[PDB]
Amino acid sequence: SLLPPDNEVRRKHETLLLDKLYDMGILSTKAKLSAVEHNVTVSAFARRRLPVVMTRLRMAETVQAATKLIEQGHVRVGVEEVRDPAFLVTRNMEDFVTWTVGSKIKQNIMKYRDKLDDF
Amino acid sequence: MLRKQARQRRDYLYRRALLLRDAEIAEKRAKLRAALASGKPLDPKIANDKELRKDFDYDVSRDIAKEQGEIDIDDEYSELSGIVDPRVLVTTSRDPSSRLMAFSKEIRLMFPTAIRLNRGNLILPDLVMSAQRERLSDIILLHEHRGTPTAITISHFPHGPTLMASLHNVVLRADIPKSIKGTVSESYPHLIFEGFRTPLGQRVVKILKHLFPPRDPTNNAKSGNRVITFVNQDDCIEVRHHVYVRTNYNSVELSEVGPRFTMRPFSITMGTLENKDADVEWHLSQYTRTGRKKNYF
Amino acid sequence: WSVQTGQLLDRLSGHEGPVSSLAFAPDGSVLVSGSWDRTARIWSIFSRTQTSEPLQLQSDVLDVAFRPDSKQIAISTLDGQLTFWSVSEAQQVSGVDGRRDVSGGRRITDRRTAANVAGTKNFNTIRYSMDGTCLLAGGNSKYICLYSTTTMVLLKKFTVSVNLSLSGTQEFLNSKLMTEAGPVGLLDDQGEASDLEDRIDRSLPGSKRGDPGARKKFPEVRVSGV
Amino acid sequence: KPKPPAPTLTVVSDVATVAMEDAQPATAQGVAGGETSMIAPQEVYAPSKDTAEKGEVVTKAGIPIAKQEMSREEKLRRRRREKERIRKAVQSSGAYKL
RNA sequence: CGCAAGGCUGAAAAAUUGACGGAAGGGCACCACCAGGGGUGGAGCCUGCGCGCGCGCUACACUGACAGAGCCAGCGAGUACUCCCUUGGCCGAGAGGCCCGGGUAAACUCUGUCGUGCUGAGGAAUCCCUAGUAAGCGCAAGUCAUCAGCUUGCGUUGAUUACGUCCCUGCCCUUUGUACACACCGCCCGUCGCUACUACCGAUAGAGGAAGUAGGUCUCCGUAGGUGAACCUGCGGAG
RNA sequence: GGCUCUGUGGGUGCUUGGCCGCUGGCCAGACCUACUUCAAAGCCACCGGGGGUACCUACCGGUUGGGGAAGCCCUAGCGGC
């Protein structure tokens, strides 16, 4: 902000900062620097954490149950199992968080949907 | 992959709604910047908003960049505008006729980078699935009445708009003999658009000119020998496809090489071909009182 | 891309997920991609027709390796199984279910038994021998397996480290190291340091892949390449 | 998403590759390795028009040929090739009547 | 309201960057070759386009007819849907309502009965087509444009033959650029324009016509001066 | 006879003693309080962002009144600069 408004490096680093924060999912728009004024927030980081983002994705029911499930280790993010309940899930890894391989929670979901393939 | 398409479409719709609210605020912020430079007194409801001034000090620069045109608007085409060659497949309805298949070939040859696909027994969600699975930019569906085509459906992918249009006055390439016609040249075509002035007209201009691969801008004003013309009167966009030689610096000889349409659009939906429940952006309002008087595009 | 030109030749496509392992054939005719759409692709690029034959699998593909005499390929999935396919007639000719053979675990910060820990039961990387007769397979686990590609048996298993300062090197941790505040190798003991640059914790919360802070107390055992 | 690529230039010298090698008692290369001068002959000397003589031209082959010894036909052909590259990129009554 | 709003007039260039090619070498193409498949074109019906033309639809027999047995889908639910019009009679003061007459598949599989019998699969051309593709089959819907003379979905059964090459027909592009190591290549060719200069030709210093070229450190001593013991500078000698 | 729950011991890393004022002693302890020449070298030392600064504190530069380490000189003193 304190740079002059027609500055090239100001414009380039505004677009870089907004694109970085929108790719990490903290901001919901990438067209205002007042988003980084009063919308970037430790609560925005803490809701980009893993048990809250799988509460939102409805992998669990509540953030307490989600922290219990990812402490017991049913949740992988991508291809690697995640035991840390503070792993910050970015906007393009929210498409890859899912259950682990031999999960009893996955067997519970398939047994509910009556698609329990035992092979 | 499918979760990524759904997530990116939802993020796009949320960003568009936030842009609506931010435009409602930024119409007020552009009065504060113009009053600061010119010294004309402004409204008290604008000059006495502390949040507006406090955030204006950070958000000057994007308004200046939009005034200079240095940035581009959040759009489904602005992500890959002149970077990727848009690949596009043309398909028929389910059981095509021979003249519909030859017409599908003709409007495949209209685009230099298109491919044609045989429908056969191909369910339409799996058609959309295979398009997103092979990263196609556009699909175009064709519908015939009885050996004569009556509808196009131009759908942009991954989640872009459909333009459904009905065709009239179709004169096929496959009616004239091979002694008079020939193999159409496949060079990157120039495009001209005539008569689009509303923002809806610029919308249909965008979703029609992002079907063609981008022209090399070094010497494009004189090189290239093939032109495609979209000109609308009474919101029925009429399209010709010519090939030309510049027989002098003052004169040019045209030669009609492709099919002639006058397509009329009747539906522009912000959502792909599978979504029948997508939110429409415009539709041809028949059976209203002044829907025949009012001209869109 | 092309090496002698420098610009981008193509973007091949047909994968419904991120592509995890690539392998060009040692004669030079076939690319093979393997991706988290539970799929692999025999890409033929260098011919006049550019074609893609899919190999549908049961889980996410983790590794792809060729035989030196290029008629065979081994692809290692996320179930923990190796599947030996042929490249000419694309049929699976062989297979090893190798979860038990590599499952050696129980890190600190792991509330499962080492037999129930999923995640250290797959082969992240596989390489044929220069003979072409024995695979070697290693994942995020203590064991390296050395399989035979014809007789399909595990010839020899190795242990990478005896080092107990690493985290996952014994599958049965002893109960002497479990206090009433968690394990004894888990309490933050930075505050009992004489030097300030040792006492300062410049670590970021939830950073699995590297941060310059890098507490790195008791790192895991994983074989990331063979 | 990493960063936009911004141009960065690196100044290499004419020293051997065992000056880029790390510090150790002896080199890992043999006796043949260790004379490779880290810049190619094209960077030691490349014949071009900016480093040619005054009377001479250099061709596309890297050979000095002089404009005086060049014939008229080859001059015309070299002009045509350079032009092809450029294309690729009130009076008196007696004065009126008589 | 003011300007715009006064007719040497009477319809059908730029270029040191430009105009057009040729030869060689690449890339691609069911508008190319190659191997096959399928339409249309023969008879009848009819939308449409301008009597003609195709696009659909139907009939045309071994892939047969009759009678049985068994066994398979998917999309589809707006108190909403109905094929006519009539001979009679009922109850109808009259308008109507009644009654009786007349005009969740196809396919497939198995088992038997009869046996080619106006009971004949489309010429020249021309077009299209490479995997759940060609082709057969039914079921459903009728979505502000188009479509009932049909349209669009949806499932079912599911092949032959290419998957190579630029030889033919073409299309695109290289011969400038756009990156550097290895490695390889090695001044593509023609007809004119334009510009600069040079001289020529001939009518009245001049507009045209025609052409060509582009090497004494340290220490000491003897001196002479300086600000004097000393100390400094300069010189001449020895170590 | 069975399930469940609980307790103790061993194991879950390669085997060199219990304690102390530890080259020696003690496990029944013993003796109790001495001995002393000359305080100290400097630096660093993690509070989220923008902003206010009256008061307190930190740093820098000064002002009055006292204080005199040390440096310099000599008429030698209770000295002088």
# chains A, B, ... in the order shown; residues from 1 in each chain; ligands from 1
>>> interface_residues(of="chain D", to="chain B", cutoff="12 Å", atoms="only C-alpha atoms", output="PDB file with N, CA and C atoms, in the first residue's frame")
ATOM      1  N   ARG D  87      12.101 -10.125 -45.626  1.00  0.00           N
ATOM      2  CA  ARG D  87      10.685 -10.343 -45.896  1.00  0.00           C
ATOM      3  C   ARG D  87      10.082 -11.381 -44.961  1.00  0.00           C
ATOM      4  N   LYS D  88      10.864 -12.389 -44.561  1.00  0.00           N
ATOM      5  CA  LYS D  88      10.371 -13.381 -43.610  1.00  0.00           C
ATOM      6  C   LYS D  88      10.129 -12.757 -42.244  1.00  0.00           C
ATOM      7  N   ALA D  89      11.040 -11.904 -41.793  1.00  0.00           N
ATOM      8  CA  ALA D  89      10.846 -11.218 -40.519  1.00  0.00           C
ATOM      9  C   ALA D  89       9.754 -10.162 -40.626  1.00  0.00           C
TER      10      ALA D  89
END
>>> select_by_dssp(residues="chain D", states="helix (DSSP H, G or I)", output="PyMOL selection string")
chain D and resi 17-19+41-44+49-51+72-88+93-97
>>> interface_residues(of="chain B", to="chain C", cutoff="10 Å", atoms="only C-alpha atoms", output="list in words")
residues 1, 2, 4, 129, 130, 131, 132, 133, 134, 135 and 136 of chain B
>>> write_last_selection(atoms="N, CA and C atoms", output="PDB file, in the first residue's frame")
ATOM      1  N   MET B   1     -10.147 -36.205 -10.454  1.00  0.00           N
ATOM      2  CA  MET B   1     -10.329 -35.193 -11.486  1.00  0.00           C
ATOM      3  C   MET B   1     -11.690 -34.539 -11.388  1.00  0.00           C
ATOM      4  N   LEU B   2     -12.728 -35.362 -11.216  1.00  0.00           N
ATOM      5  CA  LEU B   2     -14.100 -34.868 -11.162  1.00  0.00           C
ATOM      6  C   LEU B   2     -14.346 -33.978  -9.956  1.00  0.00           C
ATOM      7  N   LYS B   4     -12.076 -32.102  -8.730  1.00  0.00           N
ATOM      8  CA  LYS B   4     -11.426 -30.841  -9.056  1.00  0.00           C
ATOM      9  C   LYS B   4     -12.275 -29.981  -9.975  1.00  0.00           C
ATOM     10  N   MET B 129     -17.605 -36.506 -20.040  1.00  0.00           N
ATOM     11  CA  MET B 129     -16.528 -37.100 -19.252  1.00  0.00           C
ATOM     12  C   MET B 129     -15.268 -37.286 -20.078  1.00  0.00           C
ATOM     13  N   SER B 130     -15.403 -37.832 -21.283  1.00  0.00           N
ATOM     14  CA  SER B 130     -14.266 -37.990 -22.176  1.00  0.00           C
ATOM     15  C   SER B 130     -13.703 -36.666 -22.657  1.00  0.00           C
ATOM     16  N   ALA B 131     -14.543 -35.640 -22.809  1.00  0.00           N
ATOM     17  CA  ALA B 131     -14.023 -34.324 -23.158  1.00  0.00           C
ATOM     18  C   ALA B 131     -13.171 -33.732 -22.044  1.00  0.00           C
ATOM     19  N   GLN B 132     -13.650 -33.795 -20.802  1.00  0.00           N
ATOM     20  CA  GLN B 132     -12.833 -33.316 -19.691  1.00  0.00           C
ATOM     21  C   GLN B 132     -11.637 -34.222 -19.435  1.00  0.00           C
ATOM     22  N   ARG B 133     -11.716 -35.480 -19.857  1.00  0.00           N
ATOM     23  CA  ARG B 133     -10.616 -36.409 -19.657  1.00  0.00           C
ATOM     24  C   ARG B 133      -9.539 -36.244 -20.711  1.00  0.00           C
ATOM     25  N   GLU B 134      -9.873 -35.660 -21.854  1.00  0.00           N
ATOM     26  CA  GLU B 134      -8.870 -35.374 -22.866  1.00  0.00           C
ATOM     27  C   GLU B 134      -8.609 -33.888 -23.035  1.00  0.00           C
ATOM     28  N   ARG B 135      -9.092 -33.065 -22.092  1.00  0.00           N
ATOM     29  CA  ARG B 135      -8.779 -31.631 -21.977  1.00  0.00           C
ATOM     30  C   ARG B 135      -9.168 -30.869 -23.236  1.00  0.00           C
ATOM     31  N   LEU B 136     -10.300 -31.243 -23.810  1.00  0.00           N
ATOM     32  CA  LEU B 136     -10.809 -30.510 -24.948  1.00  0.00           C
ATOM     33  C   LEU B 136     -11.261 -29.130 -24.515  1.00  0.00           C
TER      34      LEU B 136
END
>>> select_by_dssp(residues="chain A", states="strand (DSSP E or B)", output="NGL selection string")
:A and (75-77 or 80-81 or 97-99)
>>> write_last_selection(atoms="C-alpha atoms", output="CSV table (one decimal), in the first residue's frame")
chain,number,residue,atom,x,y,z
A,75,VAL,CA,-6.8,-40.1,6.5
A,76,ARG,CA,-4.2,-39.8,3.8
A,77,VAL,CA,-3.7,-36.6,1.8
A,80,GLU,CA,0.9,-40.4,2.1
A,81,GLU,CA,-0.9,-41.1,5.3
A,97,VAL,CA,-7.6,-35.8,0.9
A,98,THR,CA,-9.4,-39.2,1.3
A,99,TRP,CA,-9.3,-42.3,3.5
>>> residues_around(residues="stretch 103-110 of chain A", least_positions_apart="2", cutoff="12 Å", atoms="only C-alpha atoms (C1' of nucleotides)", output="list in words")
residues 59, 60, 66, 69, 70, 72, 73, 74, 75, 76, 81, 98, 99, 100, 101, 112, 113, 114, 115, 116, 117, 118 and 119 of chain A; 79, 116, 117, 118 and 119 of chain C
>>> write_last_selection(atoms="N, CA and C atoms", output="PDB file, in the first residue's frame")
ATOM      1  N   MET A  59     -16.000 -35.504   5.509  1.00  0.00           N
ATOM      2  CA  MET A  59     -15.297 -36.749   5.792  1.00  0.00           C
ATOM      3  C   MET A  59     -15.552 -37.196   7.219  1.00  0.00           C
ATOM      4  N   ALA A  60     -15.685 -36.254   8.136  1.00  0.00           N
ATOM      5  CA  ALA A  60     -16.146 -36.538   9.477  1.00  0.00           C
ATOM      6  C   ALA A  60     -17.430 -35.769   9.721  1.00  0.00           C
ATOM      7  N   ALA A  66     -12.997 -35.553  13.695  1.00  0.00           N
ATOM      8  CA  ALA A  66     -11.991 -35.539  12.641  1.00  0.00           C
ATOM      9  C   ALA A  66     -10.583 -35.602  13.212  1.00  0.00           C
ATOM     10  N   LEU A  69     -10.030 -39.162  14.255  1.00  0.00           N
ATOM     11  CA  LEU A  69      -9.803 -40.066  13.131  1.00  0.00           C
ATOM     12  C   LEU A  69      -8.439 -39.874  12.491  1.00  0.00           C
ATOM     13  N   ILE A  70      -7.935 -38.646  12.420  1.00  0.00           N
ATOM     14  CA  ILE A  70      -6.605 -38.465  11.854  1.00  0.00           C
ATOM     15  C   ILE A  70      -5.506 -38.596  12.888  1.00  0.00           C
ATOM     16  N   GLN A  72      -5.885 -41.467  14.890  1.00  0.00           N
ATOM     17  CA  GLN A  72      -5.854 -42.907  14.660  1.00  0.00           C
ATOM     18  C   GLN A  72      -5.344 -43.269  13.275  1.00  0.00           C
ATOM     19  N   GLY A  73      -5.285 -42.320  12.349  1.00  0.00           N
ATOM     20  CA  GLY A  73      -4.590 -42.542  11.102  1.00  0.00           C
ATOM     21  C   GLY A  73      -5.406 -43.163  10.000  1.00  0.00           C
ATOM     22  N   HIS A  74      -6.640 -42.714   9.796  1.00  0.00           N
ATOM     23  CA  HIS A  74      -7.413 -43.203   8.667  1.00  0.00           C
ATOM     24  C   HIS A  74      -7.295 -42.302   7.454  1.00  0.00           C
ATOM     25  N   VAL A  75      -6.739 -41.122   7.599  1.00  0.00           N
ATOM     26  CA  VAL A  75      -6.804 -40.147   6.528  1.00  0.00           C
ATOM     27  C   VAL A  75      -5.431 -39.974   5.902  1.00  0.00           C
ATOM     28  N   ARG A  76      -5.378 -40.140   4.586  1.00  0.00           N
ATOM     29  CA  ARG A  76      -4.205 -39.780   3.815  1.00  0.00           C
ATOM     30  C   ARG A  76      -4.538 -38.507   3.059  1.00  0.00           C
ATOM     31  N   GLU A  81      -0.078 -41.202   4.142  1.00  0.00           N
ATOM     32  CA  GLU A  81      -0.927 -41.114   5.321  1.00  0.00           C
ATOM     33  C   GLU A  81      -0.466 -39.968   6.201  1.00  0.00           C
ATOM     34  N   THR A  98      -8.457 -38.056   1.308  1.00  0.00           N
ATOM     35  CA  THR A  98      -9.412 -39.166   1.325  1.00  0.00           C
ATOM     36  C   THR A  98      -8.937 -40.188   2.351  1.00  0.00           C
ATOM     37  N   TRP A  99      -9.654 -41.302   2.463  1.00  0.00           N
ATOM     38  CA  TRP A  99      -9.314 -42.290   3.474  1.00  0.00           C
ATOM     39  C   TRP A  99      -8.102 -43.106   3.055  1.00  0.00           C
ATOM     40  N   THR A 100      -7.589 -43.885   3.998  1.00  0.00           N
ATOM     41  CA  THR A 100      -6.394 -44.677   3.758  1.00  0.00           C
ATOM     42  C   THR A 100      -6.785 -45.990   3.083  1.00  0.00           C
ATOM     43  N   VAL A 101      -5.857 -46.943   3.025  1.00  0.00           N
ATOM     44  CA  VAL A 101      -6.047 -48.118   2.180  1.00  0.00           C
ATOM     45  C   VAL A 101      -6.989 -49.112   2.846  1.00  0.00           C
ATOM     46  N   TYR A 112     -22.467 -49.317   4.635  1.00  0.00           N
ATOM     47  CA  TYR A 112     -23.700 -48.541   4.627  1.00  0.00           C
ATOM     48  C   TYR A 112     -24.290 -48.474   3.231  1.00  0.00           C
ATOM     49  N   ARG A 113     -23.472 -48.163   2.235  1.00  0.00           N
ATOM     50  CA  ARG A 113     -23.978 -48.023   0.877  1.00  0.00           C
ATOM     51  C   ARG A 113     -24.265 -49.352   0.200  1.00  0.00           C
ATOM     52  N   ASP A 114     -23.970 -50.473   0.868  1.00  0.00           N
ATOM     53  CA  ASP A 114     -24.162 -51.831   0.348  1.00  0.00           C
ATOM     54  C   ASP A 114     -23.361 -52.036  -0.931  1.00  0.00           C
ATOM     55  N   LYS A 115     -22.085 -51.691  -0.871  1.00  0.00           N
ATOM     56  CA  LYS A 115     -21.126 -51.928  -1.934  1.00  0.00           C
ATOM     57  C   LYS A 115     -19.858 -52.518  -1.358  1.00  0.00           C
ATOM     58  N   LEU A 116     -20.001 -53.304  -0.297  1.00  0.00           N
ATOM     59  CA  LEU A 116     -18.858 -53.855   0.421  1.00  0.00           C
ATOM     60  C   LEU A 116     -18.238 -54.952  -0.422  1.00  0.00           C
ATOM     61  N   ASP A 117     -17.247 -54.588  -1.216  1.00  0.00           N
ATOM     62  CA  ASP A 117     -16.497 -55.538  -2.021  1.00  0.00           C
ATOM     63  C   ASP A 117     -15.346 -56.035  -1.166  1.00  0.00           C
ATOM     64  N   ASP A 118     -15.290 -57.343  -0.943  1.00  0.00           N
ATOM     65  CA  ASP A 118     -14.286 -57.923  -0.053  1.00  0.00           C
ATOM     66  C   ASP A 118     -13.071 -58.407  -0.843  1.00  0.00           C
ATOM     67  N   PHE A 119     -12.895 -57.829  -2.022  1.00  0.00           N
ATOM     68  CA  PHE A 119     -11.759 -58.158  -2.864  1.00  0.00           C
ATOM     69  C   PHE A 119     -10.866 -56.939  -3.075  1.00  0.00           C
TER      70      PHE A 119
ATOM     71  N   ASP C  79      -2.214 -50.660  -3.068  1.00  0.00           N
ATOM     72  CA  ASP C  79      -2.574 -51.802  -2.233  1.00  0.00           C
ATOM     73  C   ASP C  79      -1.351 -52.440  -1.596  1.00  0.00           C
ATOM     74  N   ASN C 116      -1.104 -52.862  11.835  1.00  0.00           N
ATOM     75  CA  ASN C 116      -2.275 -52.154  11.343  1.00  0.00           C
ATOM     76  C   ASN C 116      -1.949 -50.800  10.745  1.00  0.00           C
ATOM     77  N   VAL C 117      -0.690 -50.379  10.781  1.00  0.00           N
ATOM     78  CA  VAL C 117      -0.310 -49.124  10.152  1.00  0.00           C
ATOM     79  C   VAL C 117      -0.389 -49.297   8.646  1.00  0.00           C
ATOM     80  N   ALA C 118      -1.343 -48.621   8.025  1.00  0.00           N
ATOM     81  CA  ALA C 118      -1.386 -48.501   6.580  1.00  0.00           C
ATOM     82  C   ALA C 118      -0.656 -47.229   6.190  1.00  0.00           C
ATOM     83  N   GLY C 119       0.040 -47.280   5.067  1.00  0.00           N
ATOM     84  CA  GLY C 119       0.929 -46.222   4.651  1.00  0.00           C
ATOM     85  C   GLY C 119       2.371 -46.650   4.561  1.00  0.00           C
TER      86      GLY C 119
END
>>> closest_atom_pairs(of="chain B", to="chain E", cutoff="7 Å", atoms="only C-alpha atoms (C1' of nucleotides)", output="tab-separated table")
residue	atom	partner	partner_atom	distance
B:98	CA	E:128	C1'	6.9
B:118	CA	E:133	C1'	6.8
B:145	CA	E:147	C1'	6.7
B:146	CA	E:55	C1'	5.4
B:147	CA	E:55	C1'	4.3
B:150	CA	E:146	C1'	5.6
B:151	CA	E:146	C1'	6.9
B:165	CA	E:145	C1'	6.9
B:166	CA	E:145	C1'	5.5
B:183	CA	E:31	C1'	5.3
B:185	CA	E:171	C1'	5.8
B:186	CA	E:171	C1'	6.2
B:187	CA	E:172	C1'	6.9
B:266	CA	E:145	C1'	5.7
B:284	CA	E:144	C1'	6.6
B:285	CA	E:144	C1'	6.0
B:286	CA	E:144	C1'	5.3
B:287	CA	E:144	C1'	6.9
>>> write_last_selection(atoms="N, CA and C atoms", output="mmCIF file, in the first residue's frame")
data_model
loop_
_atom_site.group_PDB
_atom_site.id
_atom_site.type_symbol
_atom_site.label_atom_id
_atom_site.label_comp_id
_atom_site.auth_asym_id
_atom_site.auth_seq_id
_atom_site.Cartn_x
_atom_site.Cartn_y
_atom_site.Cartn_z
ATOM 1 N N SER B 98 -26.527 -39.218 -43.717
ATOM 2 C CA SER B 98 -25.317 -39.031 -44.507
ATOM 3 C C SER B 98 -25.026 -37.558 -44.749
ATOM 4 N N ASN B 118 -17.462 -39.997 -34.120
ATOM 5 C CA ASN B 118 -18.660 -40.767 -34.412
ATOM 6 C C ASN B 118 -19.417 -41.021 -33.119
ATOM 7 N N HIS B 145 -32.829 -32.162 -39.086
ATOM 8 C CA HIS B 145 -34.263 -32.451 -39.194
ATOM 9 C C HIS B 145 -34.504 -33.621 -40.139
ATOM 10 N N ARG B 146 -34.143 -33.468 -41.401
ATOM 11 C CA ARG B 146 -34.183 -34.617 -42.298
ATOM 12 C C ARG B 146 -33.114 -34.351 -43.348
ATOM 13 N N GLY B 147 -31.897 -34.790 -43.057
ATOM 14 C CA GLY B 147 -30.761 -34.461 -43.886
ATOM 15 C C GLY B 147 -30.374 -32.998 -43.945
ATOM 16 N N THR B 150 -30.369 -28.450 -38.116
ATOM 17 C CA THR B 150 -31.194 -27.426 -37.501
ATOM 18 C C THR B 150 -30.681 -26.881 -36.183
ATOM 19 N N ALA B 151 -29.674 -27.480 -35.554
ATOM 20 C CA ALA B 151 -29.191 -26.872 -34.320
ATOM 21 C C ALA B 151 -27.716 -27.153 -34.093
ATOM 22 N N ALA B 165 -27.964 -22.848 -30.557
ATOM 23 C CA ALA B 165 -28.488 -22.003 -31.613
ATOM 24 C C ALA B 165 -29.206 -22.861 -32.631
ATOM 25 N N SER B 166 -30.182 -22.275 -33.301
ATOM 26 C CA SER B 166 -30.884 -22.961 -34.369
ATOM 27 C C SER B 166 -30.412 -22.422 -35.706
ATOM 28 N N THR B 183 -10.378 -29.349 -52.012
ATOM 29 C CA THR B 183 -9.957 -29.526 -50.633
ATOM 30 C C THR B 183 -9.729 -28.161 -50.008
ATOM 31 N N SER B 185 -8.337 -25.246 -47.785
ATOM 32 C CA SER B 185 -7.056 -24.957 -47.164
ATOM 33 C C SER B 185 -7.220 -24.889 -45.657
ATOM 34 N N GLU B 186 -6.265 -25.464 -44.937
ATOM 35 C CA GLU B 186 -6.297 -25.429 -43.483
ATOM 36 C C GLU B 186 -5.174 -24.517 -43.011
ATOM 37 N N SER B 187 -5.432 -23.225 -43.072
ATOM 38 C CA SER B 187 -4.568 -22.223 -42.490
ATOM 39 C C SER B 187 -5.333 -21.577 -41.353
ATOM 40 N N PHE B 266 -30.509 -19.184 -28.977
ATOM 41 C CA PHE B 266 -31.696 -19.150 -28.147
ATOM 42 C C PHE B 266 -31.423 -19.493 -26.697
ATOM 43 N N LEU B 284 -33.968 -17.003 -25.471
ATOM 44 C CA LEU B 284 -34.801 -16.296 -26.433
ATOM 45 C C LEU B 284 -36.216 -16.209 -25.900
ATOM 46 N N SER B 285 -36.610 -15.019 -25.469
ATOM 47 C CA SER B 285 -37.903 -14.813 -24.833
ATOM 48 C C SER B 285 -38.961 -14.693 -25.915
ATOM 49 N N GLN B 286 -39.478 -15.829 -26.353
ATOM 50 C CA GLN B 286 -40.703 -15.821 -27.125
ATOM 51 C C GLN B 286 -41.872 -15.891 -26.155
ATOM 52 N N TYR B 287 -43.080 -15.683 -26.682
ATOM 53 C CA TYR B 287 -44.341 -15.652 -25.938
ATOM 54 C C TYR B 287 -44.356 -14.608 -24.830
#
>>> closest_residue(among="D:2, D:40, D:54, D:35", to="residue D:68", atoms="only C-alpha atoms")
D:54
>>> interface_residues(of="chain A", to="chain B", cutoff="10 Å", atoms="only C-alpha atoms", output="PyMOL selection string")
chain A and resi 1-7+10-11+14-15+28-38+91-96
>>> atom_distance(atom1="atom CA of residue C:146", atom2="atom CA of residue C:128")
9.5 Å
>>> closest_residue(among="C:38, C:222, C:112, C:106", to="chain A", atoms="only C-alpha atoms")
C:112
>>> residues_around(residues="residue C:29", least_positions_apart="3", cutoff="10 Å", atoms="only C-alpha atoms (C1' of nucleotides)", output="list in words")
residues 24, 25, 26, 43, 44, 45, 46, 47 and 70 of chain C
>>> residues_around(residues="residue C:120", least_positions_apart="4", cutoff="8 Å", atoms="only C-alpha atoms (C1' of nucleotides)", output="list in words")
residues 102, 103, 104, 105, 139, 140 and 141 of chain C
>>> residues_around(residues="residue D:95", least_positions_apart="6", cutoff="10 Å", atoms="only C-alpha atoms (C1' of nucleotides)", output="PyMOL selection string")
chain E and resi 203-204+206-207
>>> atom_distance(atom1="atom CA of residue C:65", atom2="atom CA of residue C:138")
12.7 Å
